[PDB]
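Shown next: data31.cif, given as mmCIF, C-alpha atoms.
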```
data_protein
loop_
_atom_site.group_PDB
_atom_site.id
_atom_site.type_symbol
_atom_site.label_atom_id
_atom_site.label_comp_id
_atom_site.auth_asym_id
_atom_site.auth_seq_id
_atom_site.Cartn_x
_atom_site.Cartn_y
_atom_site.Cartn_z
ATOM 1 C CA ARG A 6 106.827 73.815 83.208
ATOM 2 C CA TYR A 7 103.474 73.680 85.084
ATOM 3 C CA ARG A 8 100.374 75.044 83.293
ATOM 4 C CA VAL A 9 96.747 73.840 83.001
ATOM 5 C CA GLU A 10 93.768 75.837 81.656
ATOM 6 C CA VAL A 11 90.226 74.520 82.251
ATOM 7 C CA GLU A 12 87.048 75.862 80.579
ATOM 8 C CA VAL A 13 83.457 75.296 81.782
ATOM 9 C CA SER A 14 80.195 76.166 79.974
ATOM 10 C CA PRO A 15 76.945 76.018 81.973
ATOM 11 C CA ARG A 16 73.437 76.004 80.423
ATOM 12 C CA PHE A 17 69.928 76.377 81.928
ATOM 13 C CA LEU A 18 67.843 73.153 81.931
ATOM 14 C CA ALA A 19 64.173 74.241 81.755
ATOM 15 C CA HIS A 20 63.044 70.815 80.445
ATOM 16 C CA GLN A 21 64.550 69.076 83.514
ATOM 17 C CA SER A 22 63.970 71.767 86.188
ATOM 18 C CA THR A 23 61.010 73.489 87.912
ATOM 19 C CA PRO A 24 61.994 76.988 89.062
ATOM 20 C CA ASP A 25 58.443 77.608 90.380
ATOM 21 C CA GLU A 26 59.139 75.191 93.283
ATOM 22 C CA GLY A 27 62.622 76.576 94.107
ATOM 23 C CA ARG A 28 64.208 73.823 91.970
ATOM 24 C CA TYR A 29 66.689 75.206 89.397
ATOM 25 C CA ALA A 30 68.919 72.716 87.518
ATOM 26 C CA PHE A 31 72.101 73.801 85.678
ATOM 27 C CA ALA A 32 74.352 71.390 83.717
ATOM 28 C CA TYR A 33 78.004 72.329 83.031
ATOM 29 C CA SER A 34 80.703 70.682 80.873
ATOM 30 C CA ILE A 35 84.369 70.586 81.982
ATOM 31 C CA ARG A 36 87.277 70.981 79.529
ATOM 32 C CA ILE A 37 90.694 70.248 81.098
ATOM 33 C CA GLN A 38 93.635 71.157 78.808
ATOM 34 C CA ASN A 39 97.302 70.609 79.765
ATOM 35 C CA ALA A 40 99.591 73.534 78.816
ATOM 36 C CA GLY A 41 102.549 72.652 81.112
ATOM 37 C CA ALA A 42 105.837 71.103 79.906
ATOM 38 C CA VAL A 43 105.695 67.959 82.068
ATOM 39 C CA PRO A 44 102.624 65.680 82.052
ATOM 40 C CA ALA A 45 100.203 66.313 84.947
ATOM 41 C CA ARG A 46 97.122 64.568 86.391
ATOM 42 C CA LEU A 47 94.216 65.772 88.579
ATOM 43 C CA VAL A 48 94.096 63.971 91.964
ATOM 44 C CA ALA A 49 91.605 66.175 93.883
ATOM 45 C CA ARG A 50 88.845 68.764 93.308
ATOM 46 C CA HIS A 51 87.313 71.502 95.496
ATOM 47 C CA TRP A 52 84.470 73.785 94.325
ATOM 48 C CA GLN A 53 83.619 77.035 96.159
ATOM 49 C CA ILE A 54 80.066 77.919 95.021
ATOM 50 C CA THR A 55 78.665 81.228 96.359
ATOM 51 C CA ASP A 56 75.015 82.198 95.773
ATOM 52 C CA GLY A 57 73.501 85.694 95.373
ATOM 53 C CA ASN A 58 72.745 85.684 99.163
ATOM 54 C CA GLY A 59 76.434 85.388 100.236
ATOM 55 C CA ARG A 60 76.036 81.804 101.578
ATOM 56 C CA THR A 61 78.593 79.404 100.026
ATOM 57 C CA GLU A 62 78.901 75.590 99.835
ATOM 58 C CA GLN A 63 82.284 73.799 99.685
ATOM 59 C CA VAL A 64 82.592 70.289 98.185
ATOM 60 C CA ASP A 65 85.682 68.028 98.207
ATOM 61 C CA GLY A 66 86.033 64.774 96.212
ATOM 62 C CA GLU A 67 88.770 62.752 94.438
ATOM 63 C CA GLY A 68 90.323 63.964 91.134
ATOM 64 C CA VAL A 69 87.309 64.162 88.766
ATOM 65 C CA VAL A 70 84.062 62.096 88.829
ATOM 66 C CA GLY A 71 86.035 59.309 90.615
ATOM 67 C CA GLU A 72 89.012 59.178 88.170
ATOM 68 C CA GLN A 73 92.600 60.516 88.079
ATOM 69 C CA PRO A 74 93.142 61.344 84.395
ATOM 70 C CA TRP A 75 96.813 61.741 83.381
ATOM 71 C CA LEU A 76 96.615 64.764 81.041
ATOM 72 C CA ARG A 77 99.772 64.777 78.884
ATOM 73 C CA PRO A 78 101.243 68.032 77.535
ATOM 74 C CA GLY A 79 98.989 69.244 74.684
ATOM 75 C CA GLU A 80 96.277 66.664 75.595
ATOM 76 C CA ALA A 81 92.946 67.523 77.288
ATOM 77 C CA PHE A 82 90.223 65.667 79.253
ATOM 78 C CA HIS A 83 86.465 66.468 79.175
ATOM 79 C CA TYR A 84 83.389 65.154 81.050
ATOM 80 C CA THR A 85 79.790 66.271 81.791
ATOM 81 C CA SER A 86 78.609 67.068 85.349
ATOM 82 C CA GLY A 87 75.253 68.106 86.905
ATOM 83 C CA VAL A 88 74.640 70.464 89.871
ATOM 84 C CA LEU A 89 71.399 71.954 91.277
ATOM 85 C CA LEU A 90 70.935 75.560 92.498
ATOM 86 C CA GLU A 91 68.236 76.952 94.844
ATOM 87 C CA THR A 92 67.862 80.130 92.719
ATOM 88 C CA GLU A 93 68.004 81.004 88.991
ATOM 89 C CA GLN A 94 71.190 83.111 89.445
ATOM 90 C CA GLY A 95 74.619 82.443 91.026
ATOM 91 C CA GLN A 96 78.428 82.621 90.758
ATOM 92 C CA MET A 97 80.700 79.551 91.112
ATOM 93 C CA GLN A 98 84.528 79.622 91.404
ATOM 94 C CA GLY A 99 86.797 76.612 92.141
ATOM 95 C CA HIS A 100 90.226 74.997 91.682
ATOM 96 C CA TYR A 101 91.613 71.543 90.748
ATOM 97 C CA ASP A 102 94.550 69.909 92.604
ATOM 98 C CA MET A 103 97.045 68.492 90.075
ATOM 99 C CA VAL A 104 100.429 66.730 90.400
ATOM 100 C CA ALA A 105 103.317 66.536 87.887
ATOM 101 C CA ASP A 106 105.095 63.209 87.225
ATOM 102 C CA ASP A 107 108.090 64.465 89.262
ATOM 103 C CA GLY A 108 105.789 64.838 92.314
ATOM 104 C CA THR A 109 105.592 68.685 92.168
ATOM 105 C CA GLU A 110 102.276 69.849 93.705
ATOM 106 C CA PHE A 111 100.167 72.655 92.176
ATOM 107 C CA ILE A 112 96.475 73.597 91.758
ATOM 108 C CA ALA A 113 94.631 74.730 88.600
ATOM 109 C CA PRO A 114 92.228 77.577 89.405
ATOM 110 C CA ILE A 115 88.912 77.583 87.511
ATOM 111 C CA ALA A 116 87.664 80.998 86.280
ATOM 112 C CA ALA A 117 84.429 82.308 87.842
ATOM 113 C CA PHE A 118 81.385 82.080 85.536
ATOM 114 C CA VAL A 119 77.815 83.267 86.278
ATOM 115 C CA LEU A 120 74.446 81.509 85.836
ATOM 116 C CA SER A 121 71.352 83.375 84.567
#
```

Would you encode the structure as structure tokens?
Amino acid sequence: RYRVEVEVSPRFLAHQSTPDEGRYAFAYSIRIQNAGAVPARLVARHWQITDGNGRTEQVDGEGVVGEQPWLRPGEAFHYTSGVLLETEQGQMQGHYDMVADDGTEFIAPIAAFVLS
């Protein structure tokens, strides 16, 4: 009864980034699709980004970009985000906290993609 698959596609931004000064800019799009039986919404988000040097940065905010979308079964939500990286390579994994209408609590892990 609880299922949510999210897909993210990053892309290098050479026109809006200067890697020569240690400034790499990657833009990624988020695709939240609800595959559970009961409607669910995203109330919180926590990204665990780890760079090629082992150091990692954790970020915690509300549901998504300041909104708590109520994804209904079969429906999906999508928005564009922007993050900056110190190097031209890196791996980012994270999860989304969601809640069913009945109050059941559960998170939606986000697959780990790489940037190059």

Can you pull out the residues contacting residue 117 in chain A? Cut-off 9 Å, using only C-alpha atoms, and skip same-chain residues under 2 positions away; I want them as a ChimeraX atom specification.
/A:96-99,115,119

Counting all atoms listed in the file, which residue out of A:76, A:108, A:89, A:21 sits closest to residue 9 in chain A?
A:76

How big is the axis-aligned box around the listed atoms of range 77-93 of chain A once 5 Å is added on each side, and where is its centre? Give both in Å to one decimal, as AutoDock Vina command-line options.
```
--center_x 84.6 --center_y 72.9 --center_z 84.8 --size_x 43.4 --size_y 26.2 --size_z 30.2
```

Using all atoms listed in the file, can you tell me which of A:31, A:22, A:101, A:107 comes closest to residue 48 in chain A?
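Among the listed residues, the smallest separation from residue 48 in chain A belongs to A:101.
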
Which residue of A:64, A:15, A:75, A:81 approaches residue 39 in chain A most closely, using only C-alpha atoms
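Ranked by minimum distance to residue 39 in chain A, first place goes to A:81.
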
Residue 27 in chain A surroundings by all atoms listed in the file, 12 Å radius, close-in-sequence under 2 positions cut, as a PyMOL selection string
chain A and resi 22-25+29-30+89-94

If we count only C-alpha atoms and set the cut-off at 12 Å, which residues sit around range 71-73 of chain A, ignoring sequence neighbours fewer than 2 positions away in its own chain? Please answer as an MDAnalysis selection string.
chainID A and resid 45:50 65:69 75:76 82:84 86 101:104

Report, in Å to a single decimal, how far apart CA of residue 55 in chain A and CA of residue 95 in chain A are.
6.8 Å

Could you list, as a list in words, every residue within 7 Å of residue 6 in chain A, counting all atoms listed in the file and ignoring same-chain residues fewer than 5 positions away?
residues 41, 42 and 43 of chain A

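Nearest residue to residue 100 in chain A among A:20, A:28, A:60, A:51 is A:51, counting all atoms listed in the file.
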
Expand the PyMOL selection byres ((chain A and resi 16) around 7) into the individual residues it matches in the shown file, reporting them as a ChimeraX atom specification.
/A:14-15,17-18,31-33

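Here CA of residue 87 in chain A is placed at a distance of 17.6 Å from CA of residue 61 in chain A.
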
For a test of reading the model, state the distance in Å between CA of residue 85 in chain A and CA of residue 62 in chain A, rounded to one decimal.
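Between CA of residue 85 in chain A and CA of residue 62 in chain A the gap works out to 20.3 Å.
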